[PDB]
Each structure stands twice: as C-alpha cells, then as structure tokens.
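no letters, just coordinates:
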Ligand SMILES: C#Cc1cccc2c1c(C(=O)c1ccc(Cn3c(C)nc4cnccc43)c(F)c1)cn2C(=O)N(C)C
Ligand SMILES: C#Cc1cccc2c1c(C(=O)c1ccc(Cn3c(C)nc4cnccc43)c(F)c1)cn2C(=O)N(C)C
Ligand SMILES: CCCCCCCC/C=C\CCCCCCCC(=O)OC[C@H](O)CO
Ligand SMILES: CCCCCCCC/C=C\CCCCCCCC(=O)OC[C@H](O)CO
Ligand SMILES: CCCCCCCC/C=C\CCCCCCCC(=O)OC[C@H](O)CO
Ligand SMILES: [Zn+2]
Ligand SMILES: [Zn+2]
C-alpha cells in the first residue's frame, strides 16, 4: 500500500474531521468579525485574503476524509483529485505569503512609524500573491494526479491521489528544492522581522536612543546606538546654542531632557522654542501645570500617542510612558511566529528527505520513518486553518 | 550588563574545582583509550578515535578556563587564546554530538537491517563532520572575544572572554535558535534510533546482543546528562544576555548555565566509556 499507511488511514479521518468543523466555525465567525467592521485597513485585507485561502482548503477536507476512510482509494473522478491537490498548494503558500506580508507591514509600522490609499496597496499586493501562488498551483491541474495499483486482497485495485512519484524524477527534485529553499528564505525574513518587533516592544527604553526608537523608528539591531548618539549630541549642541531652549534644558534632569530632545526631533528647535509658557513651567519644575499646558497644543491633536508619551515623561521624570507600548503589534509578532513554527516549519523540514525517499534515493528502514513523520507534518500544516484565524484578535481585542 | 556578572561568585568556585577534575580524568581516560586503539566495528572504531580527538582539543583548553575563573573572570593570557578557547569548545560540543549520532546510526542500520569499504566510508563521514563543525567554529576566530569591564571590588578592570552580548541582537538570537533547534532535531533522531535499538534488542527471539543494547544506553546517558541540560538552558540564558528578561530570571538562568557548562564538560570523561561497550 505505502510505508506510513497503517495509521494514516486512521489519523487523517479523525484529525481532518476536527479541523473541518473548527476551521469552518473559526473562519466563518471571522467573516462575521470582518463584516461588522466599517471604521489596520491594509492588515484587514491580508487577513480576509488569508481566510479566503483557508476556505479553499477547508472545502477539500470532506474529500480527504472519504479518501482515507476508503483505505486510500480515490473513487471520485481524477480531476477532483487534481483540484484537491491544487487547493492544498494554494492554502499553504497563500498562508505563508499573507503571514509574511502581515509581518512586514507590522515590522514597517514599528521600525518606520511615519493617504487612505493604504487599502489600495493591500488589494494590489493581495492580487500579486494570488496570481503568483494560483499560477504555480495551476500545474497540479495538468498532472496525472492518480495511479492505479492492484489491491493486497480481493480482485480490486487502489487509486492513490498525488502519492505517485515516477522513480528518479529530476523536475520533482528541483521543484521541491526550490520551494524549501524559498520557504526557509521567507521564514528567515519573518523570523528576523518578528524578532525585531518583539525586541523593540519588549525591551523598555531606559535612555533617549531606545525612547526615540519607539517614536521615530530605526532599522535592525546594531551597537556600532553609537551613530544615533551623534545625531542626539548634535541636537543637544544646538538646543544649548538656543537662548529660548538653553535655560529649560540646563534646569531639567536627564529623563526630562530626553523628552525635550524627543520634541526637538519631532518639531525642531523652531517648534519647541514656540512653547514659551509650557517651557517656563518646566524650568520652574511645575510638572502637572506644564503637562496640562502641553496637552493644549496642536502637537497633541496631530500626534496624540507620542505627545501623551512625551508629556508623561515631562510630568513624572520616569520611563513608565514607554513600558507597555504597541501591545497589538507585540502579540501579533508572537502569534505569526507560533502559526509559522507550528504549522509550516515541521512540514518543510520533513519535505526534502521524504521526497528523496519517495523517489527511492533512501533505504526502506528510513523511508518508513520519514513517511510516518510526513503524515504528522501534513496534519500540523492543516491546523493553519484553525490557528491562523487567531490573528484577528489584533483587530478586535484591546490591551 | 557586565555589571550583572559581579553578583555570581559561584562560577569562580565551580569552574576551577570541576575543570581540574575533568582535565585530569579526561586527559587520563582519553590518553588511555588512545593506547587501546593503538594496541589494535572498524567503522565504529574510526568515529571513536575522532570523538576522542574532539575531547583532547577541549581538554587542552581547560587549564586556560581554570586560570580565568581562578583570577575572578580575568583573561590574563593573550587575547587570541580566548578566540581559540571558544572555537575548540564549540568543536568539542558539536563533534561529540555528531560522532555519537553517527555511532548511534551505525548500530541502528547494523541491528534493524544487517570491510575495506566501511573503513573508507567511516573516514569519509568523519572528514565531513570535521569540515562542517570546524567551518562554523572558525567564526570564533574572527570575533572580538575580549571586553575590559570593572571588578566587584573597586575601580579595577578585569578582561572577559566570550561574555559580551550586544543588547537586543536579533542575529545573535537567530544563530542560537538555529543551533538549539538543530540540536533537538539531531537528538530526537538519536533518541528514536537508540530506543528502536533497545526495543529490537529486548525482543529478538547472547553476548553480541547484550553489549550493543547496553551501548545504546551509554549514548543516551551522554546526551541526557551532558548535552540536553545545556541546550534546554541555551535559549532562555541567551535571551537574558541580550536583555530580554528581568534581573531575578537573569541570575537564575545564569547560575543554571554554569551547571550545564560543567555538565557539558563531563562528556570528555563520560564518552571514552563507549570504547569498552563495543571494543
Ligand atoms: C506542499 C506541497 C507540494 C509543493 C510542490 C509540489 C508538490 C507538493 C506536494 C505535496 O506535498 C502534496 C502531498 C500530498 C498531496 C495529497 N494528499 C494526500 C495523499 N493526503 C493528503 C492529506 N492532506 C492534504 C493533501 C494530501 C498533495 F496533493 C500534495 C506534492 N507535490 C508534487 O511534486 N507532486 C508530484 C504531487
Ligand atoms: C555553543 C555555542 C555557541 C554557538 C554560537 C554562538 C555562540 C556560542 C557561544 C557559546 O555558547 C559560548 C559561551 C561561553 C563561552 C566562553 N566560556 C566561558 C565564559 N566560560 C566557559 C567555560 N567553558 C567553555 C567556554 C566558556 C564561549 F566561548 C562560547 C557563544 N556564542 C556567541 O553568540 N558569542 C557572541 C560568543
Ligand atoms: C478549479 C480550482 C482551481 C482554481 C482556484 C481558484 C482560487 C481562487 C482565486 C482567488 C481567491 C479570491 C479571493 C481573493 C482575491 C481578491 C484579492 C483582493 O483584491 O482582495 C480584496 C479584498 O477582499 C477587499 O476587501
Ligand atoms: C555533517 C555534519 C553535521 C554536524 C552535525 C551537528 C549537529 C548539531 C547541530 C548544530 C551545530 C552545528 C552547526 C554546523 C552546521 C554548518 C553551519 C556552517 O556555517 O558551517 C559551514 C560549513 O563548513 C559549510 O557548509
Ligand atoms: C556567498 C558569500 C556568503 C558570505 C555571507 C556570510 C554567511 C554567514 C554564514 C553563517 C553565520 C556566521 C555568523 C557570522 C559571524 C559574525 C562575525 C562578525 O560580525 O564579526 C565580528 C564582530 O566584530 C563581533 O566581534
Ligand atoms: Zn513510500
Ligand atoms: Zn548576564
């Protein structure tokens, strides 16, 4: 029949049954959460496009349950197997692509925090990804999906679906090598991006460099905070060279000096020098009065979250304002990494040795072990339709 | 961050004691087993000599760490020796993991599916392992291993060896994720391979079957005692060194790290034990 055969005919009918029911509930409810949202916009498109990918897979699951309940016999017409295989490839790589693009969006939102045609970009990208993956998945519709073999007992035959690999196929090896190398290349980008977001939003600023990294941004993680030190020193040099800003600056403590520096990085010496009254309240250590007067500016209307953070730093002289910043993003980063390492990485680790075993290039004792592993990763990869809807909690839930 | 290291005096007591014991015992047991092989299945014997060479490399670095921890974490010796110490410690850790795993797989295919080609195959595979591991270990030679930092008592400056970690480094963290994941991938292939050996050896229907079954247990003993404690701690500790944790966790995981580092060194003394359970 097959190497891993024994348990696969029991595994998939149970595993895929749970997944079918949970995944149809989770993605169906997610289309209720999406519908009830008319007031993030770009991320919303990727999420809805990701659900569209899940629906395509979920609908094929009844066919796999029956195929495995029939001891691996594809009794329906051949093209329904072509379509089933095709939609599996679509689900997997649209999910890899849409999780990838959600990660990049959030990375740019944290790393570079600076039109309503952002929606036009989410739609533009989603289409590129669909054309790229549906185009690649189309090859599954031109293949001979099934192979007929004599049954072990009786007078019958067994019709396998996308299990047959012509012994020693070279295109198969090149295609499977490309996909795995392209996957871990994509996985490395995702891992780096989500670890930057996490690193940035976990590690609470204790200086002006870390403080301006949250509010203004800064690419990757380097120590050679030394280049940015130069920009701050040049900013302080000018502040002290300004008769309107020097008395206040000199009078302030190091944490409050950073808040003034922050303001200067945002609106410049010119901008900050036009806060005569608020600056006088600071020079006189009238923290609450200064804080209240600072909230009565256009700065507060224009950038409220940064203003609130800087005003708090002026009021308290502590870094508490930067303790739990952008938690929607911090949790998004963890969730995308969970969905990636759980669902996609196991399958992609097991993929190249299993293809080599299935092209015969590996021994019978290993071929049997890697086949068993393969059935487990194929189940892990299917949990994606139940797991990936969790990301919607970024849109709904507040911290 | 180097200021958080003045709180752990434990390592300066632990390493000079434990590394002196490991050095002497190891140099003896390894020097001894090199005479066992000199006064002489054949493929397995090739992996064992190489595995003993990985041990010697690290054993020769032990007197340097003894001196280092003796001088309260001050690398009094030349700074280049620090790169060489780190390099050889990495070689020892992963040449051991590879050669033990390659021994485990030799006995797996020799039990589940049983001369001049095996000797040549074993040398091939052995040279692959050295090239792969020494290739990665060589990156320790191009780093800035040493960092001058103040001492617990006064304004005096000590020189650390491979203790500096750039705050919030994502690539340092990615490397450690790669190595910890690869280790548990390699270890689980080993765990399965060995457990199949002990299962097939427990259910076979006299002396040949009795030694190879008890050998699969030695490879597991070495993995669970020496390598698994360290690779469990490696990630939580790395995170602590990159500033991703609290001071309370920092101290807990750093102390555990000293224990697992000592436990990793016991592999020099525990792996020559495989020589008898086969030859
Ligand atoms: C992912 C992927 C992939 C990417 C590119 C080429 C692929 C694959 C691919 C598969 O790994 C693959 C494996 C099993 C099947 C069919 N399949 C089977 C037999 N059981 C399944 C349980 N869930 C989903 C699909 C299942 C399939 F349609 C594609 C086989 N491919 C292939 O080269 N074939 C010649 C089928
Ligand atoms: C294993 C491994 C590894 C793999 C990849 C990168 C590694 C490491 C690595 C280490 O774990 C590491 C830790 C401590 C030391 C130095 N070290 C110290 C301070 N005490 C030691 C006692 N025994 C052996 C080595 C000792 C080292 F050379 C390497 C540090 N690495 C690193 O990121 N550095 C910036 C040195
Ligand atoms: C015969 C079987 C093989 C054929 C398989 C066909 C796969 C389906 C193709 C696209 C999914 C459609 C959903 C997403 C495509 C629209 C992209 C877009 O612009 O997203 C707009 C967004 O939803 C605005 O809110
Ligand atoms: C064939 C021998 C494989 C060794 C089994 C060790 C298993 C322990 C897992 C990770 C630590 C070792 C990481 C070594 C992986 C190679 C990375 C590298 O950069 O090495 C360069 C190499 O020479 C050019 O490919
Ligand atoms: C085709 C050319 C490809 C070449 C591209 C390299 C591929 C990196 C491979 C493994 C990671 C090795 C980790 C690199 C070690 C970091 C060393 C470093 O950054 O330098 C020392 C620094 O000054 C701190 O003291
Ligand atoms: Zn097979
Ligand atoms: Zn530390």
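Cool, the structure landed. Numbering: from 1, shown residues only, chains lettered A, B, ... in the order given. Ligands and ions are numbered 1, 2, ... in the order given.

helix, strand or coil for residue A:149?
Following DSSP: H, G, I helix; E, B strand; the rest coil, the label given to residue A:149 is strand.

okay, now it: neighbour count?
By other C-beta atoms under 10 Å in any protein chain shown, the residues close to residue A:149 number 13. C-beta here means a position set from N, CA and C on the backbone, and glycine is covered the same way.

if I pick it, what's in contact with it?
Contacts of residue A:149 were listed using C-beta atoms under 8 Å, 6 or more residues apart in numbering or on different chains, and they are A:157-158, A:160.

and the residues you listed, which are buried?
A:158, A:160 (16 or more other C-beta atoms under 10 Å in any protein chain shown).

of the contacts of residue A:149, closest to ligand 2?
Using C-beta to the nearest ligand atom, residue A:160 comes nearest to ligand 2 of the contacts of residue A:149, at 44.3 Å.

ok, for residue A:156, nearest residue in space, not its chain neighbours?
Excluding its sequence neighbours, the residue lying closest to residue A:156 (C-beta to C-beta, 6 or more residues apart in numbering or on different chains) is residue A:150, at 7.7 Å.

ok, now residue A:307?
Spatial nearest neighbour of residue A:307, chain neighbours left out: residue A:300 (4.3 Å); criterion: C-beta to C-beta, 6+ apart.

how about the residues of chain A that lie near chain B?
Neighbours of chain B within chain A, by C-beta under 8 Å from any C-beta of the partner chain: A:188, A:191-192, A:195-196, A:199-200, A:202-203, A:220-223, A:349, A:363-365, A:369.

let's go with 10 Å and repeat that
Contact residues (C-beta under 10 Å from any C-beta of the partner chain) of chain A with chain B: A:188, A:191-200, A:202-204, A:206, A:210, A:213, A:220-225, A:341, A:345, A:349, A:363-366, A:368-369, A:373.

circling back: any idea how far ligand 5 is from the residue nearest to residue A:156?
Plainly put, residue A:150 is 51 Å away from ligand 5 if you go by C-beta to the nearest ligand atom, to the nearest Å.

in TSV, list the contacts of residue A:149 along with distance to ligand 5.
Output for the contacts of residue A:149, formatted as TSV (distance: C-beta to the nearest ligand atom, whole Å):
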residue	distance to ligand 5
A:157	51
A:158	47
A:160	41
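
from the contacts of residue A:149, pick the one nearest residue A:167.
residue A:160 (14.7 Å; C-beta to C-beta).

residue contacts, the residue nearest to the closest one when sequence neighbours are not counted?
Leaving out its chain neighbours, the residue that sits closest to residue A:160 by C-beta to C-beta, 6+ apart is residue A:147, at 5.2 Å. Counting by C-beta atoms under 10 Å, 6 or more residues apart in numbering or on different chains, residue A:147 makes contact with A:74, A:158-166.

quick one: neighbours of the closest residue to ligand 2 within the stretch 51-200 of chain A, just the number.
Nearest to ligand 2, among the residues of the stretch 51-200 of chain A, is residue A:195, at 14.9 Å (C-beta to the nearest ligand atom). Here the count is done by other C-beta under 10 Å, and residue A:195 has 23 residues near it.

pretty sure the residue nearest to residue A:307 contacts residue A:275?
No. If you go by C-beta atoms under 10 Å, residue A:300 and residue A:275 don't touch, sitting 11.5 Å apart.

residue of the stretch 101-250 of chain A closest to ligand 4, please.
Counting by C-beta to the nearest ligand atom, the stretch 101-250 of chain A gets nearest ligand 4 through residue A:184, at 13.6 Å.
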